[PDB]
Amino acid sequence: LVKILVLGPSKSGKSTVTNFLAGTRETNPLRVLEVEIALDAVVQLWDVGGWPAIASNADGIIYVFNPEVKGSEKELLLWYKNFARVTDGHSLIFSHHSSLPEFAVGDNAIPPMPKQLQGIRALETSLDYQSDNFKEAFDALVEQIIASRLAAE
């Protein structure tokens, strides 16, 4: 199995980003959706509502935030702090247009992140608004998780 944590400030869209990825098409403490992807074991997404048993055995993290909302960028460092040397940089950050883009647009439709977070691959994300093909980053993320393990031997 592979367990990928979905963390992010409240109302950011981490639930909305989740069911799209797990195939199926308001807040809640935790919602684990099951799906499986095959290219070239199981994939379970743990949408956390905006913990220490949650962080356990975690293999990757997807941060989701609203780029219109001020201070969100530094709120991820806590989700980075808490759920985190648990993860390495396998993390993914979604600059998620939940609203018609006003501020995100332009020279950072993915705004500047903290130094620890930057250097983690970032994407412009939204289901209706301008976005990046982030199902591909997911597929590519799942593949990068499994391969590492028995590669070491």
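Numbering starts at 1 and runs along the sequence shown.
Gap check for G50 to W51: 4 to 9 deposited residues are absent from the model.
Per the record, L123 and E124 are directly connected, with no deposited-sequence residue omitted between them. Taking the mean C-alpha B-factor of each stretch as recorded, 139-147 and 6-14 are not equal, and the higher mean is that of 139-147. For the two regions 85-93 and 66-74, the entry's Cα B-factors average higher over 85-93.
The PDB entry assigns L45 a C-alpha temperature factor belonging to the middle third of its chain's modelled residues.
The deposited CA B-factor of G60 belongs to the middle third of values across its chain. Split the chain's modelled residues into thirds by C-alpha temperature factor. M113 is in the highest one. Per-chain ranking of the deposited C-alpha B factor places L100 in the lowest third.
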